[PDB]
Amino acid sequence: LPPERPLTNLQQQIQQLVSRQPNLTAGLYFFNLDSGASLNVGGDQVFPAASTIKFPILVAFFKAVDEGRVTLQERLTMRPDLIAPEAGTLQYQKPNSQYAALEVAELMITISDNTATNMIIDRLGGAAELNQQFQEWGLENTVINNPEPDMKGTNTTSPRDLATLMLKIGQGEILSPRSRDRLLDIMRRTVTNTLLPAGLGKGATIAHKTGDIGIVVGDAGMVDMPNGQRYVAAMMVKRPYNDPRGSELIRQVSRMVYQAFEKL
């Protein structure tokens, strides 16, 4: 893998673009796997994770499957204490009904199901257990403090953390080949493609996971371009509740970076 090589020009334009937006606080990290071209604009800063933390939790899930601690077909119970509002379909089912572990893990990601997330976190031994695993993978600022939906934003991550975990997964670390490919398939079938994917050119693919708690919006993943290049991408923006400028800034930066990598 080539050395990290900042595109100093393009970084400056992106910083100029974020810093002229008053009530927005942005952090982002991008890395090109072929050139080593990198972009870091507040990429190491800590943010409320919102639902972006569901990506690290999915990694933890498949790690457990790899290690024989969890099975894809075992039945998980939707206990009252795990039922959660906001995004998800499980919450409308009978309390104490049960679901295949894999089905639950998929819902956590595809539709950001918060009940499903709580079920997985609990099954994997709880937040502390997961936090330790995140630390082991090098995720310095990725921490579960509260169950989902965690609308207050107590759960933390960083753009570098999200992008770096994805780099690792993309390069075949952490997870087995079978679990990796399952994870990427799930992460290509999310229903929210309004952020990073909205700035990509025709024929690009992206495995990613968005997060939105109104006061914070973000997205992270891995992009394959039609030209053959691959890069990882993560951006988080603090905003006034549901400010459409926050989501638009992510598009804009996504577009800027995609086009720069087309030209080079």
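The first residue of the sequence shown is number 1, and the count goes up from there.
J.: Tell me which stretch, 251-259 or 9-17, has the higher mean Cα B-factor listed in the entry.
T.: Result: 9-17.
J.: According to the deposited model, is the average Cα temperature factor higher in 159-167 or in 73-81?
T.: Mean B over CA atoms: larger for 73-81.
J.: By the CA temperature factor listed in this entry, which of these ranks top: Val65, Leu196, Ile57, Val46?
T.: Max CA B-factor in the entry, restricted to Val65, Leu196, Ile57, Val46: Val46.
J.: Taking the values straight from the PDB record, which of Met119, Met151, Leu175, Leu102 has the highest C-alpha temperature factor?
T.: Spelled out: the listed residue with the top C-alpha B-factor is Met151.
J.: Compared with the other modelled residues in the chain, in which third is the CA B-factor of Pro147?
T.: Highest third, going by the recorded CA B-factors of the chain.
J.: Can you tell me whether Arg123 has a C-alpha B-factor in the lowest, middle or highest third compared with the other modelled residues of the same chain?
T.: It falls in the middle third of the chain.
J.: Against its chain's modelled residues, does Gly221's Cα B factor rank lowest, middle or highest third?
T.: It belongs to the lowest third of the chain when residues are ordered by C-alpha B-factor.
J.: Comparing against every modelled residue in the chain, figure out the third that the C-alpha B-factor of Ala37 lands in (lowest, middle or highest).
T.: It falls in the top third of the chain.
J.: Among the modelled residues of this chain, does the Cα B factor of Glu140 put it in the lowest, middle or highest third?
T.: Top third by C-alpha B-factor.
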